[PDB]
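First comes the structure, then the notes that go with it.
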2 protein chains.
Amino acid sequence: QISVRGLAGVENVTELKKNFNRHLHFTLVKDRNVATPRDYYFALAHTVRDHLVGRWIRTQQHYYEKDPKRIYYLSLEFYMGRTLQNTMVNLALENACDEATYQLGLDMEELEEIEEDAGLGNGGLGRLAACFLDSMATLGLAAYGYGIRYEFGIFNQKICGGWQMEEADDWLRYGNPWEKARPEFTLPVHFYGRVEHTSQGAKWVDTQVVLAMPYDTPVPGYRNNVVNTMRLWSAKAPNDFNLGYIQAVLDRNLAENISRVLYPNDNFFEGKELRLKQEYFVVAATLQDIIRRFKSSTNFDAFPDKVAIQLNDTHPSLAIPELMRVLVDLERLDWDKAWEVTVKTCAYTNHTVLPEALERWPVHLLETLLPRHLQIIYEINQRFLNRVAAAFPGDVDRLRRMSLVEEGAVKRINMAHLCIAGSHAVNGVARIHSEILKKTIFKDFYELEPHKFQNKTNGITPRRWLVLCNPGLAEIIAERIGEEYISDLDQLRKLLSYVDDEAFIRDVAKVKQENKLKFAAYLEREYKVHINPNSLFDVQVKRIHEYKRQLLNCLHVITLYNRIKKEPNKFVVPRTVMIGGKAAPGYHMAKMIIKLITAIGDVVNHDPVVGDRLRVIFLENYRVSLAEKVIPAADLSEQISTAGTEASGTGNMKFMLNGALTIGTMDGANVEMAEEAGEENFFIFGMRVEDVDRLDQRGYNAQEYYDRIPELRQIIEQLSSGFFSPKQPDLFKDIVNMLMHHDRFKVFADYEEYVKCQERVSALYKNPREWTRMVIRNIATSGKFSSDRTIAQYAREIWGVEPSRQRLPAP
Amino acid sequence: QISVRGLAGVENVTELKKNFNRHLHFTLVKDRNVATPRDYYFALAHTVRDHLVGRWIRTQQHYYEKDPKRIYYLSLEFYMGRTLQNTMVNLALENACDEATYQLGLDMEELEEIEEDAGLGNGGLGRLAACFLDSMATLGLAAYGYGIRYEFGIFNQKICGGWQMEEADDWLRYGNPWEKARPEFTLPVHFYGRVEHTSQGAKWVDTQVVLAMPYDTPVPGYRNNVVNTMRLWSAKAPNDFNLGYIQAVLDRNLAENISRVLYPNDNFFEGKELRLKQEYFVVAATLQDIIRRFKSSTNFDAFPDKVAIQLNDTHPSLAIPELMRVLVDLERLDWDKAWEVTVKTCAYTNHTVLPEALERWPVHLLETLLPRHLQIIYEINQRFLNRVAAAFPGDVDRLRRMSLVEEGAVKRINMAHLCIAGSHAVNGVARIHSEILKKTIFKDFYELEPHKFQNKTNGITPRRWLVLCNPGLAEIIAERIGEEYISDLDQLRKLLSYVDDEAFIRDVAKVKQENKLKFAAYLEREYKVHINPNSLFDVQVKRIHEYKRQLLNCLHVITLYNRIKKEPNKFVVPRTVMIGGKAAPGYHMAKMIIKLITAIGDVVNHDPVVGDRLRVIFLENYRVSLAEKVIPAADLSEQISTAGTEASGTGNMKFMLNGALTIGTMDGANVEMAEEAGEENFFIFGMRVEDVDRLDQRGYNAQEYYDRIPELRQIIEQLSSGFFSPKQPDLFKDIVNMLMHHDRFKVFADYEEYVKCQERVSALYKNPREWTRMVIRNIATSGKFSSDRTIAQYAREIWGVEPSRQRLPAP
Ligand SMILES: O=C(NC(=O)c1ccccc1)N[C@@H]1O[C@H](CO)[C@@H](O)[C@H](O)[C@H]1O
Ligand SMILES: O=C(NC(=O)c1ccccc1)N[C@@H]1O[C@H](CO)[C@@H](O)[C@H](O)[C@H]1O
Ligand SMILES: O=C(NC(=O)c1ccccc1)N[C@@H]1O[C@H](CO)[C@@H](O)[C@H](O)[C@H]1O
Ligand SMILES: O=C(NC(=O)c1ccccc1)N[C@@H]1O[C@H](CO)[C@@H](O)[C@H](O)[C@H]1O
């Protein structure tokens with residue numbers, strides 16, 4: 001149908017059809033009379049999967065012969081989503097499969113909807129890992145993603161009576177055709193025990209053993225015949241485990257619980273033992289695998305020349321003392337040499353400055369679970385603090401501030417401090433964030449070792465986030481500037497010469513309208529909700545957090561409603577306001593915010609005076625597959641975090657690439673997005689970081705805003721009196737109390753500027769031609785935000801490897 | 001190489017080779033440079049498996065069109081063993097695969113050794129189910145085996161310091177290529193809750209739900225293109241299970257524990273809740289599946305014309321009240337009609353008369369777990385006892401004896417009584433056993449309903465137990481009488497005309513010697529034990545039980561040793577005495593017997609005066625795959641249970657078919673084996689059932705035998721003094737005490753006749769020609785003991801279906 005989806009050649013389609021039929025018979029053990037849509041999906045998945053095999057074997061064989069430096073990306077989260085369409089895109093098989101299935105009497109799009117998301121992540125951090133894997137393969141790097149194979153990913157969200165309910169995400173129920181179990185490469189992991197000091201070094205003895213069984217998933221590069229590996233570890237009990245008899249067998253579950261479920265808490269560090277076990281489990285298994293592969297290439301001087309380990313946040317921070325343990329205790333290297341190797345191989349990426357999210361493990365927990373690692377951490381700290389003392393003599397408070405060991409009620413280990421000490425590179429994820437790191441929370445470390453601190457602005461893959469989810473837009477772009485931009489997104493700048501092109505303006509606007517109609521139809525079929533497709537699609541999708549300020553959005557929505565009720569016969573630009581995202585199960589306030597959104601919808605969506613001029617919809621079960629549907633349909637992207645709180649954001653970049661305009665604060669990557677597009681083409685509002693600081697010095701008093709802004713007063717009175725909860729008048733008292741007395745994120749302070757800015761958005765939307773011209777200016781300058789750019793920078797500036805766009809020979 | 005293994009045609013071998021290479025690449029994701037023997041096994045398994053697919057689909061399609069009466073074999077155990085060779089045999093692919101692998105540079109026999117046994121059974125009962133499945137497919141019956149997919153089968157046995165250690169049998173570690181998961185056919189099973197009585201009948205409410213997910217395994221018939229199904233249920237938690245959040249997800253394991261592990265206790269009924277859950281789980285899921293299939297064929301009058309349910313022991317006895325529950329509560333049939341249907345569809349097979357093994361469930365357990373079923377059981381009992389009262393007026397003691405409800409300390413339900421009441425047929429498993437049932441434990445029921453009671457003498461499949469495990473013997477037989485005997489074992493009678501054939505005598509003896517050399521070599525390689533291949537191979541392999549009298553064997557072994565020590569320079573026929581079998585983990589005495597056997601070996605095997613004239617070896621980890629190795633190598637089969645205790649035995653039949661002579665009591669099928677072969681060709685000794693009864697009337701006094709037999713006295717003094725345990729002198733005091741004071745099985749009473757009979761065995765072995773002639777007379781009369789004969793009798797006399805040897809059309 002469309003050019004970017006590849007060729008549908010006669011021999012290719014014929015071969016695909018017969019292999020589809022073969023799999024339906026031999027693999028699924030079905031025939032056409034009894035086969036269901038799910039069976040057809042699996043037949044297609046196996047057919048496409050076959051095409052990865054030759055490329056996967058020869059890519060890994062190529063790395064063995066060429067022996068390049070290997071990149072190991074360690075993360076507790078890989079938010080992969082669906083794999084079928086992505087695989088077809090990267091292999092140039094999409095049109096061929098579309099034709100093959102069509103001739104079989106099947107709709108491929110219908111089959112694609114059957115696939116479960118691999119939801120092995122919470123949000124931004126997990127999805128970054130996934131985009132990074134795609135970019136590393138596309139850029140021909142010898143890269144490996146290492147994580148945990150959770151049997152249950154992020155929970156499925158159900159909304160019941162307006163409240164979030166959590167349901168287990170049993171994603172493996174029907175099987176996962178994309179993984180390959182490798183039980184032959186199973187490795188032991190040790191827990192508990194004690195440390196013995198013999199004449200020749202320390203010995204970690206009397207340990208409990210849990211086995212780590214790897215599952216490998218292929219990661220294809222874009223049309224370059226490279227297929228890299230994501231290896232995820234699964235926990236298995238040893239066969240002599242606990243070995244009355246029946247109970248011993250049943251107790252195997254305790255060991256295997258390590259890989260059972262993804263921790264869904266992305267707001268607050270809890271310090272749970274099971275989470276610590278997960279973190280060590282992934283680290284210990286991975287490092288054995290790394291060292292094994294290195295020895296197959298005696299002397300560890302060359303280790304950093306052949307290995308780079310990237311730590312995605314502090315979650316895999318135990319890699320640092322584990323590498324030291326292996327080098328000192330097992331390989332018998334001297335401490336100083338081992339430390340040199342460790343620092344040169346490890347690098348650390350930070351994703352937040354909010355203190356409550358930072359990992360600070362109780363010493364008593366590490367003492368019991370990982371006694372040797374605690375000893376190593378103490379020695380690292382002692383040697384590090386001796387360096388600080390030499391550099392800043394007499395500065396005793398610096399010594400307490402920089403210590404890896406935090407004193408107090410319970411002694412804790414600061415894992416961020418551990419990461420800085422043991423890494424040659426530390427990076428933030430957007431320019432403003434990386435600057436905040438150097439100026440605030442890591443200032444002491446920056447003064448000691450300035451050379452360690454870097455910026456690597458986040459990005460998104462244009463394969464999933466344009467070609468896959470928005471083929472209409474990809475096609476009209478390709479018509480003008482060709483196909484090269486898909487792996488070189490900076491070429492989008494060439495679209496600036498089409499900003500006054502009447503045909504292109506019409507085409508961009510047409511694609512958006514079709515996307516909106518498609519999504520409006522999806523909402524009616526799968527959720528039975530009715531929306532006006534001609535309204536402005538106002539979208540805020542992301543995890544529910546106070547700092548992300550879904551509440552500020554809520555205040556604007558109520559303002560719009562109240563203004564309509566005040567002047568019903570006055571014209572307003574029609575809006576569909578969509579808010580979606582999951583709340584961490586233990587995050588009370590976030591759960592209350594979800595309830596508020598639905599409660600507003602109940603009032604607004606059923607007011608006859610409002611009509612179809614304003615709709616408020618909560619998007620249930622927001623996840624990667626839903627993002628691929630809603631983002632291409634959006635007109636307005638809400639990126640409204642308090643300045644200095646969102647490290648980068650990546651949803652923002654997805655919206656920019658897909659033809660939405662952005663209303664946002666100068667926070668995270670928003671700053672660089674406005675810089676690229678021009679501030680005139682962005683709807684910037686609110687306090688800058690400096691303004692937040694000034695307000696903090698004075699002390700934030702919300703009552704002042706309440707007293708001075710009558711429209712704000714009305715809303716708070718409505719919330720307090722039970723206007724949005726007639727049966728439970730005091731339902732939202734927790735929300736009001738927080739806003740008035742304990743609001744860390746200064747919602748009221750940005751209210752006036754936000755409302756005014758929103759008026760300017762509505763004014764532009766009244767002029768379709770000028771709206772679209774501004775959209776073109778955004779799409780055309782989105783190039784910087786390709787994860788290909790991001791990865792090239794990691795490669796050159798941290799890992800010491802050169803990216804390559806050169807094809808591997810076709811199988 | 002040999003004729004019975006089929007043709008190796010040029011096109012067949014070429015096709016097998018390319019499909020092997022295809023699977024190695026696309027299925028295993030390996031190449032020849034990195035592939036291990038395990039990879040090659042899996043490539044071969046997938047290649048052979050492909051050949052089952054077409055036949056499996058069309059067999060099941062054939063049953064849909066023809067709509068025959070369906071046979072449902074319900075068992076908690078299916079002791080399947082390995083599948084690769086059996087599949088090749090039944091599909092006539094063995095020679096073709098042997099050639100294909102040879103040309104690839106691989107040894108197929110080496111690859112076969114990699115496959116794990118599917119050890120989903122304890123012993124005889126589980127293995128009978130497996131032979132029955134093979135025979136039902138071979139005889140073209142529309143039969144389905146229904147059971148549980150245990151993740152852990154019967155434990156692997158390790159011997160450490162002479163003691164049994166149990167190790168988890170993680171048989172699914174590398175995957176099971178022979179199963180097909182069918183998550184689409186998942187069914188709910190209910191537990192706990194309460195009963196509500198509404199205007200229209202009873203209602204079972206507030207239940208806990210566990211899901212039953214089916215896995216299907218193909219069961220190919222012998223060269224008839226029939227492929228039946230064994231469906232095994234796996235336990236899954238519902239997704240809203242327990243749905244702080246993390247704990248709810250982790251608690252899913254509790255529901256899924258139902259299918260975790262096979263209960264290894266085959267001696268004593270324990271009354272554990274988890275076992276009751278397993279029993280209901282299999283019954284509830286199976287019956288839904290049965291009814292679903294029946295409705296697809298409103299009126300249940302035809303149900304018994306289209307459905308037969310065979311209960312393998314009382315383990316699936318809950319089928320009776322569950323069928324009543326569905327018919328009365330859900331289908332709204334009147335009680336009398338439902339009862340008529342139930343009786344006509346159900347049949348029950350008993351496997352032991354020993355009281356301690358009989359299932360008698362505490363009422364309080366059923367009350368909590370299955371409250372509706374308890375109510376139904378009470379009503380069944382009340383109506384049954386009303387029939388007894390009418391038939392035998394005034395006989396109040398008969399009323400208490402026949403009741404399904406047993407009074408006492410704790411009230412219990414007798415599941416055997418439930419089975420008799422609710423079945424149209426009740427059978428024992430050998431003629432003597434079926435007679436004992438009518439005369440003793442079920443006498444009251446026989447007097448009430450004589451027509452219900454039948455015999456069905458057990459059998460073994462000649463595919464696994466001759467063609468597969470002893471191709472040498474199969475071949476020399478085929479040379480004389482052709483191949484028809486493999487599916488018509490009665491044709492073995494034709495070998496009687498070769499008893500004086502000098503060539504045949506030589507060939508039979510040659511095959512046995514080759515088998516003995518092969519097994520002697522296996523022992524050296526995998527266990528490092530050395531045996532004389534020229535010695536008489538004296539074998540007792542079966543589960544360790546007091547009634548099976550491994551202890552009597554032990555006494556003979558010590559007698560032989562003592563006699564050698566008495567007269568060292570006197571000639572004795574050299575013997576290798578091999579004893580093997582697992583003990584139930586909680587069976588103390590059985591564990592002591594294993595220790596005794598190894599303790600005897602430690603003394604005997606290291607006495608220089610003995611030399612190679614006597615060796616005592618304990619065969620570790622006895623299982624189906626080991627049976628296939630040891631049985632063809634045996635000269636003497638030990639079948640020495642106390643008369644009236646072994647219901648049938650099936651190991652006995654395996655030895656007879658493979659050229660061993662039998663030393664045995666007149667117990668179980670031994671009686672019919674001696675009848676078929678002639679008593680002159682069997683080594684029969686010891687008390688008959690009548691003699692045991694007479695001794696019981698007098699009272700058994702072991703001291704009498706001790707006082708009168710000096711050779712017996714010596715042995716007991718050796719055991720007591722610490723001759724076989726120098727470091728722990730009183731180690732065997734429990735064994736001596738039992739023998740002297742509390743021996744239920746009268747070991748001493750058969751000692752003298754046993755020793756004398758063993759002398760007659762040694763005398764015959766000194767005459768190789770006459771030994772082999774007697775062997776020929778045994779093999780030639782083993783025809784009756786084919787499970788094909790057994791199944792034909794079940795079909796005609798219980799199920800009301802006609803067997804068929806007619807081929808289904810080739811795919
Ligand atoms: O799970 C996979 N996955 C793949 O083959 C694969 C191939 C390419 C890309 C991703 C997965 N293969 C599986 O390997 C097992 C064990 O050997 C087989 O029994 C099974 O038939 C096969 O599907
Ligand atoms: O998503 C997370 N964090 C988590 O999901 C998380 C998970 C476990 C514990 C704490 C936080 N952080 C997010 O990481 C992305 C990628 O750099 C940024 O764009 C975003 O600003 C940040 O908040
Ligand atoms: O497990 C089986 N078994 C069989 O195909 C089979 C065929 C014949 C006989 C026995 C098993 N097939 C499996 O079905 C899953 C889910 O559809 C696939 O992902 C996998 O590749 C395949 O091996
Ligand atoms: O094997 C068992 N029983 C068990 O394995 C068992 C299992 C669980 C609970 C009780 C007994 N019984 C055996 O069943 C076979 C087949 O009919 C007979 O030949 C044999 O005589 C009998 O002891």
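Identifiers in the structure tokens: chain A, B, ... in order shown; residue index from 1 per chain; ligand index from 1 in order shown.
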Practice task
For ligand 1, list the contacting residues at 6 Å or closer, counting only C-alpha atoms and all ligand atoms, as a ChimeraX atom specification.
Solution key: /A:49,52-53,177-180,217-218 /B:27-29,175,177
Handout entry: Selection: 12 Å around segment 515-528 of chain A, only C-alpha atoms, excl. self and same-chain fewer than 4 positions, as number ranges by chain
Key = A: 113, 158-159, 469-473, 508-511, 532-538, 576, 578, 617-621, 626-635, 658-660
Exercise for the section: Find the residues near ligand 4. Use a cut-off of 8 Å, count only C-alpha atoms and all ligand atoms, and write them as a VMD selection string. Expected result: chain B and resid 77 121 to 128 263 to 269 315 350 to 352 357 to 358 429 458 645 to 651 668
Sorted by chain and rising residue number, which residues of chain A lie within 8 Å of chain B, and what are their closest atom pairs and distances in Å to one decimal, counting only C-alpha atoms, as a Markdown table?
```
| residue | atom | partner | partner_atom | distance |
| --- | --- | --- | --- | --- |
| A:25 | CA | B:53 | CA | 7.4 |
| A:26 | CA | B:50 | CA | 6.1 |
| A:29 | CA | B:53 | CA | 6.4 |
| A:30 | CA | B:57 | CA | 7.4 |
| A:31 | CA | B:57 | CA | 7.9 |
| A:50 | CA | B:26 | CA | 6.1 |
| A:53 | CA | B:26 | CA | 6.3 |
| A:54 | CA | B:25 | CA | 7.9 |
| A:57 | CA | B:29 | CA | 7.4 |
| A:166 | CA | B:243 | CA | 7.0 |
| A:167 | CA | B:240 | CA | 5.8 |
| A:168 | CA | B:239 | CA | 5.4 |
| A:169 | CA | B:239 | CA | 7.6 |
| A:170 | CA | B:239 | CA | 7.1 |
| A:173 | CA | B:183 | CA | 7.3 |
| A:174 | CA | B:183 | CA | 6.2 |
| A:183 | CA | B:174 | CA | 6.2 |
| A:239 | CA | B:168 | CA | 5.4 |
| A:240 | CA | B:167 | CA | 5.8 |
| A:243 | CA | B:167 | CA | 6.6 |
| A:245 | CA | B:585 | CA | 6.8 |
| A:246 | CA | B:261 | CA | 7.3 |
| A:249 | CA | B:168 | CA | 6.9 |
| A:250 | CA | B:257 | CA | 6.9 |
| A:253 | CA | B:253 | CA | 7.2 |
| A:257 | CA | B:250 | CA | 6.9 |
| A:260 | CA | B:250 | CA | 7.2 |
| A:261 | CA | B:249 | CA | 7.3 |
| A:263 | CA | B:246 | CA | 7.5 |
| A:585 | CA | B:245 | CA | 6.8 |
```
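What separates atom CA of residue 291 of chain A from atom CA of residue 329 of chain A is a distance of 14.3 Å.
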Would you mind listing what lies within 8 Å of residue 230 of chain A as a CSV table (one decimal) with N, CA, C and O atoms, in the first residue's frame, with only C-alpha atoms counted and same-chain residues fewer than 5 positions away left out?
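Below is the file that was written, out22.csv:
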```csv
chain,number,residue,atom,x,y,z
A,144,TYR,N,24.6,-5.7,24.5
A,144,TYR,CA,23.7,-6.7,25.1
A,144,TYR,C,22.9,-6.0,26.2
A,144,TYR,O,23.5,-5.3,27.1
A,145,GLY,N,21.6,-6.2,26.2
A,145,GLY,CA,20.7,-5.8,27.3
A,145,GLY,C,20.6,-6.9,28.3
A,145,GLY,O,20.3,-8.0,27.9
A,146,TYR,N,20.8,-6.6,29.5
A,146,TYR,CA,20.7,-7.6,30.6
A,146,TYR,C,19.7,-7.2,31.7
A,146,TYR,O,19.8,-6.1,32.2
A,147,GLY,N,18.7,-8.1,32.0
A,147,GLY,CA,17.7,-7.8,32.9
A,147,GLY,C,17.1,-9.0,33.5
A,147,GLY,O,17.7,-10.1,33.6
A,216,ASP,N,16.9,-15.6,25.9
A,216,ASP,CA,17.4,-14.6,24.9
A,216,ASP,C,16.3,-14.1,24.0
A,216,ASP,O,15.6,-15.0,23.4
A,217,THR,N,16.2,-12.8,23.8
A,217,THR,CA,15.3,-12.2,22.8
A,217,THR,C,16.1,-11.5,21.8
A,217,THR,O,17.1,-10.7,22.1
A,218,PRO,N,15.8,-11.6,20.5
A,218,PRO,CA,16.5,-10.9,19.4
A,218,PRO,C,16.1,-9.4,19.3
A,218,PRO,O,15.0,-9.1,19.5
A,219,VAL,N,17.1,-8.6,19.0
A,219,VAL,CA,16.9,-7.1,18.9
A,219,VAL,C,17.4,-6.8,17.5
A,219,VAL,O,18.6,-6.5,17.3
```
